[PDB]
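Line by line, the protein sequences are chains i, m, N, O and S. Under the authors' numbering, read the first sequence as residues 62 to 86, 89 to 113, 115 to 122, first letter to last. All residue numbers for the second sequence refer to the authors' numbering, where the first residue is 4 and numbers rise by one. All residue numbers for the third sequence refer to the authors' numbering, where the first residue is 7 and numbers rise by one. All residue numbers for the fourth sequence refer to the authors' numbering, where the first residue is 7 and numbers rise by one. Under the authors' numbering, read the fifth sequence as residues 4 to 146, 149 to 379, 382 to 449, 452 to 493, first letter to last. Even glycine gets a Cβ: it sits at the ideal position worked out from N, Cα and C.
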Amino acid sequence: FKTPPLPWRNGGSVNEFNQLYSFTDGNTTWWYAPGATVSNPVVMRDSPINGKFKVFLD
Amino acid sequence: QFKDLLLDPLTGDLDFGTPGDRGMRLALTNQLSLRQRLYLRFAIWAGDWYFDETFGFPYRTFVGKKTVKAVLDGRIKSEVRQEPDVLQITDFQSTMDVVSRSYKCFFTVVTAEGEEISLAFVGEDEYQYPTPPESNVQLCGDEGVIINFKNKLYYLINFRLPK
Amino acid sequence: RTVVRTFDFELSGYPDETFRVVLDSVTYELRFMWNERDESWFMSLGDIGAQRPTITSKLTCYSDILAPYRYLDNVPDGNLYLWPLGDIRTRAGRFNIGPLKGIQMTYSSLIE
Amino acid sequence: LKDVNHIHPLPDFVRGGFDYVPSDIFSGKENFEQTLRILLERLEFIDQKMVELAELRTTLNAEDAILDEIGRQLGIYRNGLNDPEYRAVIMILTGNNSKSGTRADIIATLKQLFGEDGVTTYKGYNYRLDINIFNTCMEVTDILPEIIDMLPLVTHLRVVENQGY
Amino acid sequence: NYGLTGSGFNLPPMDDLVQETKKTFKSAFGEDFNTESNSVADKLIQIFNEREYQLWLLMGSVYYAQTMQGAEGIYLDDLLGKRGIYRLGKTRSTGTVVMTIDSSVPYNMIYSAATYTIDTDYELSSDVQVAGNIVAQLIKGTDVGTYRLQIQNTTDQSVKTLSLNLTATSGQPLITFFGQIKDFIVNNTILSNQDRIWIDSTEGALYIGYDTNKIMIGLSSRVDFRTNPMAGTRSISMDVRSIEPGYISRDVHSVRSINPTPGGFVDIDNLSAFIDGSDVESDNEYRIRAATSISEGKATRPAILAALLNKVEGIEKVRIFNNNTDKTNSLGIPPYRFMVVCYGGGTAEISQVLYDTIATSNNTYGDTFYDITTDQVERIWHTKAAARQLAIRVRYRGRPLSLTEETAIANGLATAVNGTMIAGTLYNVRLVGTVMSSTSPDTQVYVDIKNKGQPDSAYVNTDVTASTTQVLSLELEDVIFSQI
């Protein structure tokens with residue numbers, strides 16, 4: 062991964078297959096999307112619980 | 004009022020806008036148009052743009068040569084007045100440092116704001132064409148004439164009794 | 007009724023313009039008057055040096071101005087229309103008439 | 007943001023013109039003002055009536071005394087009709103000139119005579135059609151002849167009228 | 004001079020009125036009366052005069068209010084009201100959208116109409132059920150076992166089933182399995198569909214409703230289709246309308262989101278431009294519509310024929326029949342009901358078009374029906392022609408034709424697919440002409458035609474005629490050649 066977690070954002074779009082994004086509600092979990100690229104970005108929706117996003121394991 | 008693509012004052016790239024309303028914008032206010040018209044006029048070195056050899060500023064004359072501060076200020080202050088919509092120049096603090104050999108001047112320019120002549124090419128229209136009636140209202144009357152009268156009567160009954 | 011575009015007009019916005027034009031090889035004189043309350047152009051058409059104009063009408067968009075008057079020997083048989091170049095909802099104004107001002111006043115002649 | 011119809015009474019007509027007194031030279035003399043006011047206020051009446059000369063000639067508001075003139079140009083004579091329904095027939099016949107007698111089309115024309123829910127139409131297999139009326143505001147027998155005209159050449163029609171459902 | 008004349012209404016300037024009234028005053032009190040600048044009478048007369056300029060202008064405006072030109076606003080309606088045309092009010096945009104769904108979403112699940120919004124101003128047109136609205140499908144890679154396939158016939162209403170085993174997960178067995186599925190689907194629906202489904206052996210994937218560039222273009226119409234092992238990803242078509250009436254437009258690939266994300270959602274996008282909504286109708290387009298009303302024909306046989314061909318995503322052929330005399334006639338038809346036959350027009354979309362039928366014309370006959378809301384709801388009827396495939400054999404004398412040179416001849420016989428319902432006659436002479444045309448010039454040529462599956466003894470030369478509800482059909486692979 063890339064160490065520095067980044068905040069979730071409803072208006073954000075991801076393009077990198079190996080970075081962690083810290084979603085919160089303070090129930091914080093870290094998420095990633097392997098099928099994310101510059102050529103095939105993915106949009107941070109309201110919540111990640113709804115596709116390509118996967119949660120970091122604990 | 005000269006229209007043109009808007010240039011971001013902070014970065015120099017086109018002003019595509021905030022992430023919530025990304026798009027393309029035209030320079031509409033005279034202030035914004037004049038800002039970029041001066042910026043481009045000063046940023047392009049004289050003769051360096053093909054298709055127009057006479058455009059630009061001749062920096063090569065001064066930079067790298069022993070020059071008199073007074074002569075430079077005249078040329079700087081003259082290029083500004085080539086725009087037809089410049090009212091005046093307020094102040095001019097020209098200073099030169101001999102140790103670092105740098106030169107840096109300050110000044111401001113005043114310009115008025117005009118009208119839009121016509122909105123045909125931009126977005127909206129200013130008229131208020133009427134709305135067709137609904138159902139049998141046209142041929143038989145409207146109920147609102149009763150509601151407004153009832154409200155007037157009720158408010159008049161309210162007025163007379165002191166409160 | 008095949009017709010071909012053959013002439014275009016422009017107005018400087020002066021409220022009492024008057025000039026001479028040639029259409030279909032014939033010559034006519036035109037007068038344009040600006041109305042304040044109705045914010046519209048009034049057009050008068052007549053022969054050169056005529057005592058009174060032959061036709062007077064109010065200009066509007068997408069309306070055939072000459073429609074009811076193609077029965078006189080001194081009236082053009084072509085088509086005169088005003089249509090906009092920009093948004094279709096724009097109505098004729100004072101300064102917005104011309105080949106690039108927003109409204110295209112045009113005359114077209116039938117093919118004979 | 008603005009009305010397209012410019013034919014309206016001029017707002018505050020009277021105070022205008024008074025604004026053209028040069029430098030308040032006469033204002034507060036109560037002798038010149040009355041003379042000027044008396045003359046200007048006459049134009050007020052004429053200015054007002056300029057509208058009704060155009061407003062009242064429209065078919066929507068035209069009174070029977072002149073509505074006949076509008077109908078005369080169209081060939082729709084009064085016959086025995088009265089004002090409230092004479093207006094209706096004029097609208098119905100004029101609207102017929104751009105019609106095709108389709109089921110959706112027929113509903114639209116009946117819509118202007120009985121409000122939104124005042125009419126319904128049943129359909130039958132062998133050219134049968136039915137018209138139902140719930141909220142009639144005018145007597146229908148005199149309007150009936152037109153109600154036949156905007157129907158296909160081979161329609162078979164029944165008419166039933168009642169108040170409410 | 005400036006009032007009413009023989010050529011309309013004119014307008015006077017201010018100065019002419021000023022001079023006229025000053026001349027009147029001069030006459031009133033002789034030539035000595037002063038009327039310029041310093042006269043109190045001058046200040047009264049000039050102030051008085053400007054007002055009647057407004058009156059003259061307003062009067063001039065009034066006159067043109069009752070003419071083909073100059074009418075505006077309310078007055079415009081009266082002029083064009085005489086010709087039965089009225090302005091259109093606020094309108095709501097309408098359109099259709101598709102979305103891909105995860106493999107796991109069950110068929111029977113139904114989306115609630117009033118619990119979703121496509122975007123800031125769009126919502127579901129009505130309730131939608133996943134089953135019966137599949138438009139495209141993608142199957143790839145991960146899918149050994151036994152598989153069931155179901156499909157509703159597009160002409161009849163009998164469900165068909167197929168049984169297969171995926172003994173291998175790749176290779177020629179998988180290719181054969183995909184080909185079998187293709188043959189199963191193409192035998193129903195329409196032959197145009199087969200042009201839009203193929204197998205990419207290099208990747209071992211099956212594409213339904215795509216193009217050679219892997220773009221979802223959709224099948225010829227919404228259908229129902231299922232696999233007991235729910236494999237691949239499915240796509241469905243929804244109908245969408247705007248929330249509030251007004252002006253709004255969307256492009257061919259604009260819609261991109263749904264606020265409440267349903268489980269299993271994948272993506273969403275447009276297929277064609279929406280019918281944009283409009284604000285209150287303006288004068289210019291009102292006049293334009295008044296001008297172009299000539300082509301607005303309805304409720305006539307030519308009109309209904311034209312309307313169908315220009316209002317359906319398909320409808321390759323159409324024909325109508327009449328029976329209006331007290332009896333059912335030879336062709337089975339009720340006494341006073343029309344008959345409409347179509348090809349590849351769907352059911353619901355075409356049904357809506359039939360509201361151009363003459364009011365009180367019963368029509369409503371056929372094998373398939375649908376219900377449309379007017382308010383009251385009414386049912387309409389129609390039928391879909393049953394295609395009949397032919398087998399054609401070509402024999403000739405001359406130089407042997409080489410492979411890939413027969414393609415022109417095979418595609419040349421595409422004219423056989425242009426026969427009309429019932430009134431379709433091959434005129435084998437026409438076929439002989441065509442086969443001798445789509446080739447380089449140049452001895453003998455013959456054509457034999459028979460229905461598919463018949464023995465070789467069925468080959469004949471007499472022309473064939475379509476049945477009452479049948480239409481000719483032909484496949485490229487059903488052409489053979491023989492040298493003599």
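Take the Cβ of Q79 (chain O) as the centre, count every other Cβ of all protein chains shown within 10 Å, and call the residue buried at 16 or more, exposed below.
Looking up residue 79 (chain O) in the fourth sequence gives position 73. Classification of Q79 (chain O): exposed, given that the 10 Å Cβ count is below 16.
Three-state secondary structure (DSSP) of residue 148 (chain S):
The model of chain S omits the segment between 146 and 149, and residue 148 (chain S) is among the residues lacking coordinates.
From this set, S:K187, S:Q162, S:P178, S:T151, which residue's C-alpha is nearest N170 (chain S)'s C-alpha?
What you label residue 170 (chain S) is simply residue 165 of the fifth sequence in a count that begins at 1. Of S:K187, S:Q162, S:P178, S:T151, the residue nearest in Cα terms is S:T151.
Helix, strand or coil: which one does DSSP assign to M428 (chain S)?
For the purposes of this step, residue 428 (chain S) is taken as the residue at position 421 of the fifth sequence. Coil at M428 (chain S), not helix or strand.
What did DSSP end up calling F60 (chain m) once you bin it into helix, strand or coil?
As a position in the second sequence, residue 60 (chain m) is number 57, starting the count at 1. In the three-state DSSP reduction, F60 (chain m) falls in the strand class (E or B).
What is the rounded straight-line gap between the Cα of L87 (chain O) and the Cα of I76 (chain O)?
Here the question's residue 87 (chain O) lines up with position 81 in the fourth sequence. Here the question's residue 76 (chain O) lines up with position 70 in the fourth sequence. Going from the Cα of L87 (chain O) to the Cα of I76 (chain O) covers about 15 Å.
Per DSSP, the bridge partner or partners of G282 (chain S)
Taking the first residue of the fifth sequence as position 1, residue 282 (chain S) is located at position 277. Answer is S:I253, bridged to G282 (chain S).
What residues from chain m crowd round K8 (chain O), counting only those whose CB sits closer than 9 Å?
To locate residue 8 (chain O), count along the fourth sequence from 1; it is residue 2. Going along chain m in sequence order, the residues near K8 (chain O) (Cβ under 9 Å) are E129, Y130, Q131.
Boundaries (first-last residue) of the alpha helix (DSSP H) holding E58 (chain O)
Locating residue 58 (chain O) in the fourth sequence gives position 52, where the first residue counts as 1. Taken as a continuous stretch (DSSP letters only), the alpha helix (DSSP H) holding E58 (chain O) covers 38 to 61.
So which residues of chain m does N102 (chain N) contact, with C-beta pairs closer than 7 Å?
Locating residue 102 (chain N) in the third sequence gives position 96, where the first residue counts as 1. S121, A123, listed in chain order.
In the DSSP output, which residue or residues are listed as bridge partners for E126 (chain S)?
Within the fifth sequence, the letter at position 123 stands for residue 126 (chain S). In the DSSP output, where bridge partners are listed per residue, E126 (chain S) has S:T120, S:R246.
Rounded straight-line distance, which links the Cα of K165 (chain S) to that of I156 (chain S):
Numbered from 1 along the fifth sequence, position 151 holds the residue referred to as residue 156 (chain S). Numbered from 1 along the fifth sequence, position 160 holds the residue referred to as residue 165 (chain S). Cα to Cα, the separation comes out at about 6 Å.
Option in S:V454, S:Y56, S:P178, S:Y370 with minimal Cα separation from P339 (chain S)
Stepping through the fifth sequence from its first residue, residue 339 (chain S) is reached at position 334. Selected option, being the one with the closest Cα: S:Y370.
Taking the alpha carbon of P15 (chain O) as the point to measure from, which residue in O:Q40, O:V27, O:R43, O:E58 has its own alpha carbon closest?
Taking the first residue of the fourth sequence as 1, we reach residue 15 (chain O) at position 9. Closest by alpha carbon: O:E58.
Count the C-beta pairs between the region 134 to 148 of chain m and the region 69 to 78 of chain N that are closer than 8 Å, then say yes if the count reaches three, no if not.
no
Put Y66 (chain S) into one of helix, strand or coil per three-state DSSP.
Indexing the fifth sequence from 1 puts residue 66 (chain S) at position 63. Reduced to three states, the DSSP call for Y66 (chain S) is helix.
Return the CA-CA distance between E301 (chain S) and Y291 (chain S), expressed in angstroms with no decimal places.
To locate residue 301 (chain S), count along the fifth sequence from 1; it is residue 296. To locate residue 291 (chain S), count along the fifth sequence from 1; it is residue 286. Distance between the alpha carbons of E301 (chain S) and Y291 (chain S): 15 Å.
Helix, strand or coil at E35 (chain N) [DSSP, three-state]:
As a position in the third sequence, residue 35 (chain N) is number 29, starting the count at 1. Reduced to three states, the DSSP call for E35 (chain N) is strand.
What residues of chain B sit near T266 (chain S), judged by a beta carbon separation below 7 Å?
This model lacks chain B altogether; the protein chains it does include are i, m, N, O and S.
Any beta carbon of chain N sitting closer than 8 Å to that of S10 (chain S)?
Locating residue 10 (chain S) in the fifth sequence gives position 7, where the first residue counts as 1. Interface residue, yes.
Using 7 Å as the cut-off, classify the Cβ of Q492 (chain S) as near or not near the heavy atoms of the ligand MG, replying yes or no.
This structure lacks the ligand MG; in fact it carries no ligand of any kind.
Identify the residues that DSSP records as bridge partners of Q453 (chain S): which are they?
Indexing the fifth sequence from 1 puts residue 453 (chain S) at position 444. Beta-bridge pairing links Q453 (chain S) to S:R404.
Within 10 angstroms of the Cβ of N198 (chain S), are there 16 or more other Cβ atoms? Answer buried if so, exposed if not.
The sequence position of residue 198 (chain S) within the fifth sequence is 193, counting from 1. Classification of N198 (chain S): buried, given that the 10 Å Cβ count is 16 or more.
Which residues does DSSP list as the beta-bridge partners of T378 (chain S)?
Locating residue 378 (chain S) in the fifth sequence gives position 373, where the first residue counts as 1. Per DSSP, S:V384.
Pairwise C-alpha distance: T441 (chain S) and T352 (chain S)
Residue 352 (chain S) sits at position 347 when you count from the first residue of the fifth sequence. Residue 441 (chain S) sits at position 434 when you count from the first residue of the fifth sequence. Taking the straight line joining both Cα atoms gives about 35 Å.
List, in order along the chain, the chain O residues whose C-beta lies closer than 7 Å to that of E45 (chain N)?
Walking along the third sequence from the start, residue 45 (chain N) turns up at place 39. Ordered by position in chain O, the residues that pass the 7 Å Cβ test against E45 (chain N) are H12.
Just the C-alpha distance for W69 (chain i) and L13 (chain m), rounded to the nearest angstrom, thanks.
Walking along the first sequence from the start, residue 69 (chain i) turns up at place 8. Walking along the second sequence from the start, residue 13 (chain m) turns up at place 10. If you take the alpha carbons of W69 (chain i) and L13 (chain m), they lie about 27 Å apart.
Contacts that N139 (chain m) makes with chain O (C-beta to C-beta distance below 9 Å):
Taking the first residue of the second sequence as 1, we reach residue 139 (chain m) at position 136. Simply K117, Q118, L119, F120, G121, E122, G124, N141, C143.
With DSSP as the reference, label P151 (chain O) as helix, strand or coil.
The residue you call residue 151 (chain O) lines up with position 145 of the fourth sequence. The answer is helix: DSSP assigns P151 (chain O) an H, G or I state.
Whole angstroms are fine: how far does the CA of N71 (chain i) sit from the CA of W93 (chain i)?
What you label residue 93 (chain i) is simply residue 30 of the first sequence in a count that begins at 1. What you label residue 71 (chain i) is simply residue 10 of the first sequence in a count that begins at 1. Taking the straight line from one Cα to the other gives about 15 Å.
Taking only beta carbons into account, state which residues of the region 47 to 80 of chain N come closer than 9 Å to chain S, listed in chain order.
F48, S50, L51, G52, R58, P59, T60, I61, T62, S63, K64, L65, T66, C67, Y68, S69, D70, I71, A73, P74
If you measure between the beta carbons of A423 (chain S) and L485 (chain S), is that distance less than 8 Å?
Along the fifth sequence, one-based indexing puts residue 423 (chain S) at 416. Along the fifth sequence, one-based indexing puts residue 485 (chain S) at 476. Against a cut-off of 8 Å, the Cβ pair of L485 (chain S) and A423 (chain S) comes out as no contact.
For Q199 (chain S), the first and last residue of its enclosing alpha helix (DSSP H):
Here residue 199 (chain S) refers to the residue found at position 194 of the fifth sequence. Its alpha helix (DSSP H) spans residues 196 to 199.
If you follow the beta strand (DSSP E) that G101 (chain O) is part of, which residue opens it and which one closes it?
As a position in the fourth sequence, residue 101 (chain O) is number 95, starting the count at 1. From DSSP, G101 (chain O) is part of no beta strand (DSSP E) but of the alpha helix (DSSP H) over 89 to 101.
I need the straight-line Cα distance from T217 (chain S) to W89 (chain N), nearest angstrom please.
If you number the fifth sequence from 1, residue 217 (chain S) lands on position 212. If you number the third sequence from 1, residue 89 (chain N) lands on position 83. A direct Cα-Cα distance of roughly 45 Å separates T217 (chain S) from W89 (chain N).
N- and C-terminal bounds of the beta strand (DSSP E) containing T92 (chain i)
The count along the first sequence starts at 1 and reaches residue 92 (chain i) at position 29. Where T92 (chain i) is concerned, the enclosing beta strand (DSSP E) stretches over 92 to 95.
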